Amino acid sequence: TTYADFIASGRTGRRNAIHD
Amino acid sequence: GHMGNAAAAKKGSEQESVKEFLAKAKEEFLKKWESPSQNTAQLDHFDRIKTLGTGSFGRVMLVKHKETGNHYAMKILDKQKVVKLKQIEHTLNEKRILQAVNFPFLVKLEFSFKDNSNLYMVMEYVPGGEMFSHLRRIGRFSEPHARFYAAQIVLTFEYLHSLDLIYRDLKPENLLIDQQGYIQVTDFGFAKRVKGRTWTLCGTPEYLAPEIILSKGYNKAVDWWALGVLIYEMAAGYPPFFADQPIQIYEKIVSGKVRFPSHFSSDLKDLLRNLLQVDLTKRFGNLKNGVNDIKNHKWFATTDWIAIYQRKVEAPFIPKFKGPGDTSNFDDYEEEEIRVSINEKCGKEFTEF
Ligand SMILES: Cc1cncc2cccc(S(=O)(=O)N3CCCNCC3)c12
């Protein structure tokens, strides 16, 4: 499912801006 | 047509009143922008309580003002670190914007000062936590709940854009919830006051508009794209474009394809297709009718824009609050001393702070 794909992305936590 | 005479007259009058409000708001902003406040407190005026957030910028601490007893959020930046990270202009710009704006959903800077080692911005304490935390915990927000927050962002961008400020830093991590359940926008380092185009690659991958990714000159329409990302993420629980690595995210963003959960209403999907529009000549918020294409969209038909502005709408969610100084809606962080060198660091660079 799309939700499972989101979990699999590894990007479920707080996201950094490009400069960080 | 879609509106009868009474509704059309009421909408017309409302839109004219927005113009009148914004003209006054710009006059007020420009006075403060040209004569900024400074050195309005000092460190020993506050007791430091707890660290509420950290980042490359430094930290934010809950503090208590000794004389008044009021709690505040104090952002502490190490001047030498700001220099090393090439953030001088952004840091000065954030403080200058914060002291000049005034809007119910923009955090208020109450004091600022500096010492030998650090810069300090003391802002109202917003106790409800980051939207991010609540969204990940609840999973997703209902469409009415997402709409309540979205309306506040629409009004806030309408205000900022009237001042020629592009915001560029929208995401749930950067939106706080106050004690009444309304949104506070806090971060302004990457905002820029320009009337036309700008070119910097900045922001967070999931929220970048295609024209930023493609290294084009871009304008305030990037904020309306980002609103589409935010509304989608609030209502779905995950953003419209994600992947393991930023490069793959960028490929999806520029593709012109977006897919929706089956529970999204048709009105929501229509709004999102018009905000997440790769073609700038077609993106809502970037057309002749401006913000009105968004405010008058069917998905917002139940939104009373003035009542949101006046904060008279009952919020769908009230964060836990046990009293002033409650920090339970923020994370825990290791507490580090705040050191003040006996020698001034980076005085020239931060003269204007
Ligand atoms: C805790 C806090 C609580 N009341 C007011 C604040 C004002 C500014 C910043 C924060 S923050 O959440 O650390 N934060 C830092 C940068 C990350 N984006 C969100 C803003 C506040």
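Proteins come first, then strands; the chains are lettered A, B, ... in the order of their sequence lines, and each starts at number 1. For ligands, and for the atoms within them, numbers begin at 1 and follow the listed sequence. Values reported hereafter were calculated over all heavy atoms of this structure, with side chains retained and with hydrogens, waters and symmetry mates removed.
Heavy atoms of B:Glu173 found under 4.0 angstrom from ligand 1 belong exclusively to the backbone. Neither the backbone nor the side chain of B:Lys75 has any atom closer than 4.0 Å to an atom of ligand 1 (non-hydrogen atoms only). If you look at B:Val60 next to ligand 1, the close heavy atoms, those under 4.0 Å, all belong to the side chain.
B:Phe190 and B:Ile213 sit in two unconnected hydrophobic clusters of ILVMFWY residues. Membership requires side-chain heavy atoms under 4.5 Å apart, directly or through other members.
The option from B:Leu109, B:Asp187, B:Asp331 that lies nearest to atom 18 (N) of ligand 1, judged by heavy atoms, is B:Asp187.
Among all protein heavy atoms, the one lying closest to atom 1 (C) of ligand 1 is B:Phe330 CE2, 3.5 Å. Counting only heavy atoms of the protein, atom 21 (C) of ligand 1 lies nearest to B:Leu176 CD1, 3.5 Å. The closest protein non-hydrogen atom to atom 15 (C) of ligand 1 is B:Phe57 CZ, 3.9 Å.
A salt bridge links B:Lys75 and B:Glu94; the closest N-O separation between the charged side-chain nitrogens and carboxylate oxygens is under 4.0 Å. The pair B:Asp244-A:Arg11 does not meet the salt-bridge criterion, since no charged nitrogen lies less than 4.0 angstrom from a carboxylate oxygen. Residues B:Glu349 and B:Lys79 are not paired through a salt bridge, judged by the lack of any N-O separation under 4.0 Å between the basic side chain and the carboxylate.
Among the atoms of B:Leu52, none of the N or O lies under 3.5 angstrom from an N or O of ligand 1.
A cation-pi arrangement is not found for B:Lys171 relative to B:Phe132, the charged atom failing to lie both closer than 6.0 Å to the ring centre and inside a 45° cone about the ring normal.
Of the options B:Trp305, B:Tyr182, B:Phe105, B:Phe141, a ring-ring contact (aromatic ring centres under 6.0 Å, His included) to B:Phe148 is made by B:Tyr182 and by none of the others.
Remark: distances from the non-hydrogen atoms of B:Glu124 to ligand 1 include one below 4.0 Å.
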